[PDB]
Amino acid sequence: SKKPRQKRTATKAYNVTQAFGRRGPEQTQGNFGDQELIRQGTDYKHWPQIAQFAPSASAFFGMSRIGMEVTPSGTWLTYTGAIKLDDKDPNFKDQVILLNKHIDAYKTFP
């Protein structure tokens, strides 16, 4: 819990909630993860199939729209972007299923 938030790695010992806060609907609140992923983090057995869509540091700053906001909570680096799935990949349908399984999953459990 010593690392900057953006460098943390969720595991079963330090889960998604502990590292990145509770999933929810608010503007800068994370919304990704079902109960299994939340409690397992990178120990999730299908984590490699999720992480294949996470950007490298170079791609994060190369692809995204980057901004900086000064609010009285502090100075924030904002980011937005989109990553295209390969609809020619034979595994494409399973990729959409896996991502949809975790997007807004928190709505269905406490």
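Basically, rigid core = biggest C-alpha set you can superpose within 1.5 Å across the two forms. The first residue of the shown sequence is 1; numbering continues from there.
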Which of the two stretches, 31-39 versus 65-73, has its Cα atoms farther on average from this form in 9 other deposited structures of this protein when everything is superposed by the rigid core? 65-73
As stated in the PDB record, which stretch has the larger average Cα B-factor, 79-87 or 64-72? 64-72
With B-factors read from the PDB entry, the higher C-alpha mean of 35-43 and 52-60 is in 35-43
Taking the entry's C-alpha B-factors for this chain, is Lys12 in the lowest, middle or highest third? highest
Chain-relative C-alpha B factor for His102 (record values, thirds): the lowest
